[PDB]
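Line by line, the protein sequences are chains B and A.
Each residue of the first sequence is one higher than the last, beginning at 924 in PDB author numbering.
Each residue of the second sequence is one higher than the last, beginning at 537 in PDB author numbering.
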Amino acid sequence: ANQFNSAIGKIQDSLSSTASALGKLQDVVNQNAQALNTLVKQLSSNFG
Amino acid sequence: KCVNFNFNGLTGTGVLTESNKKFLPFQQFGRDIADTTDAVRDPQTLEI
């Protein structure tokens with residue numbers, strides 16, 4: 924009981940102190956952001 | 537309302553709504569992170 928309850932508390936402290944553990948999902952948002960922004964910015968290019 | 541708007545610098549079609557944004561006296565229009573114009577100032581009177 925003291926091992927599990929303390930382990931869950933460490934997860935809550937790890938997620939609050941370290942925000943880079945979720946970067947796996949943040950990359951999906953970043954890949955979408957870079958893809959959506961690039962497709963819009965190509966409208967300004969002259970393409971010759 | 538949906539209208540075709542041209543103030544002195546560009547052509548475009550959209551809905552114009554006055555906002556609380558503040559432009560510098562020498563700043564004509566402005567663009568977003570996508571390099572598309574989201575705002576324009578009245579060339580005649582002072583409106584944003």
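Quick reminder that beta carbons are idealized off the backbone N, C-alpha and C, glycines included.
Could you check the C-alpha separation between residue i and residue j for me, to the nearest Å?
i, j, result
"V963 of chain B", "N540 of chain A", "21 Å"
"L582 of chain A", "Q563 of chain A", "12 Å"
"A575 of chain A", "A944 of chain B", "38 Å"
"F927 of chain B", "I934 of chain B", "11 Å"
"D578 of chain A", "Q965 of chain B", "29 Å"
"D571 of chain A", "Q957 of chain B", "14 Å"
"residue 894 of chain B", "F970 of chain B", "The requested residue 894 of chain B does not occur in the structure, where chain B is confined to residues 924 to 971."
"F559 of chain A", "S968 of chain B", "28 Å"
"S937 of chain B", "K947 of chain B", "15 Å"
"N544 of chain A", "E554 of chain A", "18 Å"
"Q580 of chain A", "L546 of chain A", "15 Å"
"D950 of chain B", "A942 of chain B", "13 Å"
By alpha-carbon positions, which one of the options ends up nearest to residue i?
i, options, result
"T549 of chain A", "A:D578, A:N556, A:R577, A:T573", "A:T573"
"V551 of chain A", "A:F559, A:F543, A:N542, A:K537", "A:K537"
How would you label residue i, buried or exposed, when you count the other beta carbons within 10 angstroms and need 16 or more for buried?
i, result
"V952 of chain B", "exposed"
>> Beta carbons nearer than 9 Å to chain B: which residues of the stretch 566-580 of chain A have them?
In response: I569, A570, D571, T572
> When you check each C-beta in the stretch 937-968 of chain B against every C-beta of chain A, which residues fall closer than 8 Å?
Replying inline: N960, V963, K964, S967
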